[PDB]
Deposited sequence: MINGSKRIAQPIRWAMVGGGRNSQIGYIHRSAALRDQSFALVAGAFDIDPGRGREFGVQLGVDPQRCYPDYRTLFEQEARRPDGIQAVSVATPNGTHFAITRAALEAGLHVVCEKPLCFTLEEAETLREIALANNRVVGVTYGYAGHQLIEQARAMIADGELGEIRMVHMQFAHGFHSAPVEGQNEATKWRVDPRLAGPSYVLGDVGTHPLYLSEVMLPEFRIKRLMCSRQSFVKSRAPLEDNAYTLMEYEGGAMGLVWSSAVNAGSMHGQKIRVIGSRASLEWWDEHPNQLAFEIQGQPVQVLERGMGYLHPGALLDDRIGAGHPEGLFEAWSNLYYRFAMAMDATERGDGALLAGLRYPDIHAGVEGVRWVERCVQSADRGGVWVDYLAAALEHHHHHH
């Protein structure tokens, strides 16, 4: 990657949410504006119209296209020949469904934050409106943009681990060990299952695209009792079709842990393990051989895992590179749709409406199991 243009002109783009004091607003813009993928021309940046406009102007947005709310954004932009083509939804979880639905009905492509929405019926309603209106829905499972996730997928498909036996996933941080705005709204049918567990779950779907969950059980806890019934800790044990096992540990009360997102795929011959805090390395551990570390950008990687390198091996890339790798694919997908290039659109892989639906499905089944005291449920 050298900043060459992927599409003829940047997608005309807005955000809803991601305002001045938001945790995630900035990485959406840093990734979307990079390499001429998107141009930020409008937004409803803040729950408060006045702060949305002040912030919007500082981002270089036309003051008149800093709108009080998503409805006004979609209505007013529809009247302009240079109106937005796509919107990123970076609001709290409870508004994802309504905003995404409104954007799709207005004929806009959408990038929606995870978890996509609360219920599986909402998720499949967004999917059917997206399909009817021929719109791209991206979902910011940002960690999936790291090159070594593709390396892992390519190695598993090539049989380098032998027969897959176990998938061990965690996203277990300590930032909510204590009863500490962003946290207030998080504390919806779930907290950490949707907030963090869905991340390495989606990494498992990228690495093992043919794996199907047969049944699962989930035991969830509110260690900070005032969060009940929202869980700040959960254990999900899964049986895949064919007899492989999966385990997801979701947590916001793993005291001392800075992030702790890890995925270990264990085969008959070898394991791989990836850790989000050191995203440029992939452990590759053949039983009976010295353990190995695979590095981003090295010539021994599969060709697919080298495509998105922005600097030579040994220079650390980070999560902004991963997000940039998703956003250029989002832009290529939206552009392909506008030009009616069904061929390009068919060859692209990115976290899409189907990834969003599967994350919502998984949370729903975990909550069903957990509310019943951690019993097996059919997936």
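- Residues 1, 182-185, 193-197, 390-401 of the deposited sequence have no C-alpha coordinates in the structure.
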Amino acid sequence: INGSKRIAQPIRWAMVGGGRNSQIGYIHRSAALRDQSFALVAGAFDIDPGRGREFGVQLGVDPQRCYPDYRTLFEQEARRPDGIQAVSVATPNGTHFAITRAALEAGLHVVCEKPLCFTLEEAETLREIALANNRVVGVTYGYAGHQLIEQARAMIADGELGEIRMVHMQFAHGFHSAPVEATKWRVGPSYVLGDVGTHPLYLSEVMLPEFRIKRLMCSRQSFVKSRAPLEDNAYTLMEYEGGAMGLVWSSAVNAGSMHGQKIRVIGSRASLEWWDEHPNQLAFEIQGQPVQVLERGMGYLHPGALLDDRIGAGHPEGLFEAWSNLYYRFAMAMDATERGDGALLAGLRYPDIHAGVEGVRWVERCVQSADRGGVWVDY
From here on, numbers count along this sequence of modelled residues.
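- Note on 78-86 vs 241-249: mean CA B-factor is higher in 78-86.
- In this entry, 46-54 shows the higher mean Cα temperature factor of the pair 46-54 and 327-335.
- The top Cα temperature factor in the record, among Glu295, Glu122, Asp276, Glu231, falls on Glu122.
- Across the options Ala313, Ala32, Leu319, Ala346, the residue with the most elevated CA B-factor in the record is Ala346.
- Annotation for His199: C-alpha temperature factor in the lowest third relative to the rest of the modelled chain, per the entry.
- Sort the modelled residues of the chain by CA B factor and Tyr26 lands in the lowest third.
- In this PDB entry, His109 carries a Cα temperature factor that places it within the middle third of its chain's modelled residues.
- Among the modelled residues of the chain, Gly174 sits in the lowest third by CA temperature factor in this PDB entry.
- Per-chain ranking of the deposited C-alpha B factor places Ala132 in the highest third.
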